[PDB]
C-alpha cells in the first residue's frame, strides 16, 4: 500500500493550456488527505519539469518531456509502489505505459476514453499528439519521431494486450486503424447493450483470461459524460455516467492487480461547481469543482474506497 505520485503537466499534445494545472489542483483539492484516509502511504515525487515525421505539433517539447517522465517513472516502478501518473494531456501515457511495460512485460492496459487516440501522423486531422498516443505506444507509427530516439529500442505495447473502453468519437481513418490492428474495443453502445459491469468483465477475460497479469489503467476523464466531467478539453456526447465510472474503477481495484495508472485531460480552467453536498465525504476541499472532485474520488476507488 505505497503509492508514488508523479505530476506530468505536459500540455503540448494538444492546443490548449489548462491541463498543465491539473496536478497541483488535485493536490490543492486534497489528494494527500484522500490517500492518507484510505490507509495508503505516498511518496510525492513532484512534477516532471520542462525517415522522420514532420507533421506532429509541438513534438520537440513532447519528446523531451517524455524522456524525463520515462526515466522518473521507471525509478518509481522499481520500488514496487503503485505509480499514479497525473497529467497533463494524454500524451503522457506513452512514457507511462512503456516504462511500466519494460518492468511488467505481461502488462495489460485498460484505456478509458471517449476517443481512440489511435491516429497515426498521416491520418491525424489535427496534428495533435494526444490524439495519436495510443497508436504510438502500440508501435503503429511508420516513421521515426523527432526527439523520441531514446525510445526506439523499447518494447512496445501489443493491441491484443489492450482494451479501449467508452469510445464514441472516432475519426474516419481511425476507424480503419482500430479494426486493422486488432485491438479490443468496447464502445458506448456495447456499454449500453451489456452494462458497464459485463463490459469490463468481458474486457478483462479477453486480455487476461487467467487473471494473472499486472494492469495499467490509462484514464482520460473525457470518457465521462459532460454532465459530470465538464472540466476537459475535448467533449463527446453520451459518456459514462457518475455511477458507471465509479463502478468501473471499483471493479478494476478489486482485481488487486493494478500496478500503475494515468489520470489525464482534467482541465481545471474548464471545470464547474455543484457544489458541496453531504455525500462529498472524502477529505476533499468543500465546494471543489466537480471534475476535480470526481478525479479524486476515482483515485480513491482505485485505492479501495467502497460504499460499504
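Positions refer to the first chain, counted from 1.
According to the record, the deposited sequence contains no missing residues between residue 68 and residue 69, so the chain is continuous there. 140-148 and 106-114 differ in mean CA B-factor, and the higher of the two is recorded for 140-148. When 273-281 is weighed against 30-38, 273-281 comes out higher, by mean CA B-factor as recorded in the entry. The maximum CA B-factor among the listed residues 195, 87, 121, 231, taken from the PDB record, is found at 121. Looking only at 247, 64, 240, 263, the residue with the top Cα B factor in the deposited structure is 64.
Residue 2 sits in the highest third of its chain by CA B factor, as recorded in the PDB entry.
Placement of the Cα temperature factor of residue 297 within the chain: lowest third of the modelled residues, per the deposited record. In this PDB entry, residue 202 carries a Cα temperature factor that places it within the middle third of its chain's modelled residues. When the modelled residues of the chain are ordered by C-alpha B-factor, residue 185 sits in the lowest third. Residue-level temperature factors show residue 191 in the lowest third of its chain, judged at the C-alpha atom.
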